[PDB]
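Starting off, we have a lone chain in the form deposited in one PDB entry, written out as structure tokens.
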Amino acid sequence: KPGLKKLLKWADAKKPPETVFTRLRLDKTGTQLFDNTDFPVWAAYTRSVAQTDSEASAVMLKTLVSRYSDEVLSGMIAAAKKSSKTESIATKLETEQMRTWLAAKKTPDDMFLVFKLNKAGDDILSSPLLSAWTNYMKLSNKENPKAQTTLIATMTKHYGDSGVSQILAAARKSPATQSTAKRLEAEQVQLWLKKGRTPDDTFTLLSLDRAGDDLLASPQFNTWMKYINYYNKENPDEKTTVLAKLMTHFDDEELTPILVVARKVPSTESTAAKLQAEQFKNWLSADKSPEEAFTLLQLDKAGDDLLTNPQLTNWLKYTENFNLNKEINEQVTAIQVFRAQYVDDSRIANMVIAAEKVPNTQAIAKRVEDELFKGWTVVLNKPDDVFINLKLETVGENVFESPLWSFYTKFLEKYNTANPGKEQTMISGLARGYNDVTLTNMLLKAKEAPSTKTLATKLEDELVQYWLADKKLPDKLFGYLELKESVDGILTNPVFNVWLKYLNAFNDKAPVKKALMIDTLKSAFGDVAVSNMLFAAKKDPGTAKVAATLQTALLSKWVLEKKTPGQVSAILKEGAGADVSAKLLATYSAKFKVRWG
């Protein structure tokens, strides 16, 4: 508010513009002096007493560096320059303060720390002094062509390469900084390439050593991978792979667990997957075995959740890739790997069973089941071999409704459908695992239960056929069924009726001679024992008929071996009342004079 001429007289005096600055109350204006009416008049006055714009500016700045630190005045010119009407003002002052900075021979790095850009961390790309700093850099590169610098390099000098990457990753998510953030992630790569930094170098340079095993999660791990990619495209004759450079810091035994764990985690899934694909290829080329591959992938620790382990499908396809065209049993197949771990297939089979109940594991289940059937077929297992493999000889009474039963029966189908001449029946497995006495009782007991009756009855008959095919002398079967141990109550013994059925079948196919039942009885128990038994079983419905025909047969045998009415009498007195014994003797001697004669 001096008013027009008053300063004109202070301008014809050539008064120092310092005193005018003080007389216009610009001391307590602070940092919001960017403009406060007044300043345009005071500038006008400094231009008045000076003879060139440069010197006018130089004097203003001599007033200002007394009051403001280089930082704060640089920021005031920053916010100042933005506004219209402060633009060609603060360009003349920024001009001036920079040629002072070069007079003072202060490097752009010096200025970098005078501003506090080495402190601004992630928000550096937003500092109002960044653009001011790069102005002073541009000029300093014009005037010191020997010793230039670039934003990215200066930034690397203080924060370090890890820290610079961290800042650029951060400044990429917010969208005002994103453009420059990308441009400088590129200049970071360019600078590394120019120094001939390799991937080995950049690994540590990005400090992926630190954090150890957690390294795929680190966000400079993606920076390191892109850098390998760039180096590959700039050096086609020493091309390497991320996996290649990884196997220098980790051997397979710890690298593969790291990948397995990472593949689960969704945020690292793609990275893990990419690396796993190369690992498999390496293994395939070296013909590393599916047993080693099963352990490397930790499958040997899955216990009973094997089929829900996300590396199972991998390991299966690895195994089939290796063995395809290696065909000629120098193969190593999935069932052999299973057998190195379990001592029989039942544990896998059970897993299959459990897995086919749940709908999202029915694919892998069917896949494993097929390997089981493949392996069984190739080593030439007949179905009774599979029965043993399936451990069905250790279930006892329970076999027919152990869940593995279906497995066995399916194989028996899938086998015979592929094998016409020597086709086998369901009982072959059971015969293979059970005794004969044991197998019969089991079937007899399965006949009580309505749920197992039909099948039990089918198996009874097939067992008869299996004893025929084996050409089993009925007498010896009678031994095996423990029917010799007592004559008492033998026609009520259900085992015995089983043996009776087998007898009739063995006679129905006509051999050299009939196998006679009364012969087996007499052999095991002797004449009187058998006669007495028969007297008892006749006085007794439900055995009456069979006992009648066996009594007839006994007499016939006696007649044939020419046993005299005296000797027969003697026997019969041992086993009936005198009225019954005298009567049967009548019959016998009648049928003995008809023959001798």
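The first residue of the shown sequence is 1; numbering continues from there.
Only in words, not in the display: the form deposited with a partner chain bound, which the text now covers.
In the deposited complex, no heavy atom of residue 207 sits within 4.5 Å of its partner chain. Under a 4.5 angstroms non-hydrogen atom cutoff, its partner chain in the deposited complex has residue 148 among its neighbouring residues. Residue contact check for residue 190: one or more of its heavy atoms lie within 4.5 Å of its partner chain in the deposited complex. Contact between residue 234 and its partner chain in the deposited complex is found at the 4.5 Å heavy atom cutoff.
Partner contacts here mean any heavy atom within 4.5 Å of its partner chain in the deposited complex, and among 163-171, 323-331, 223-231, 383-391 they occur only in 223-231. At a distance of at most 4.5 angstroms from its partner chain in the deposited complex, none of the three residues 471, 500 and 518 contributes a non-hydrogen atom. Only one of 198, 141, 178, 341 lies close to its partner chain in the deposited complex, with a heavy atom inside 4.5 Å, and it is 141. Residue in contact with its partner chain in the deposited complex (any heavy atom within 4.5 Å), chosen from 82, 514, 194, 476: 194.
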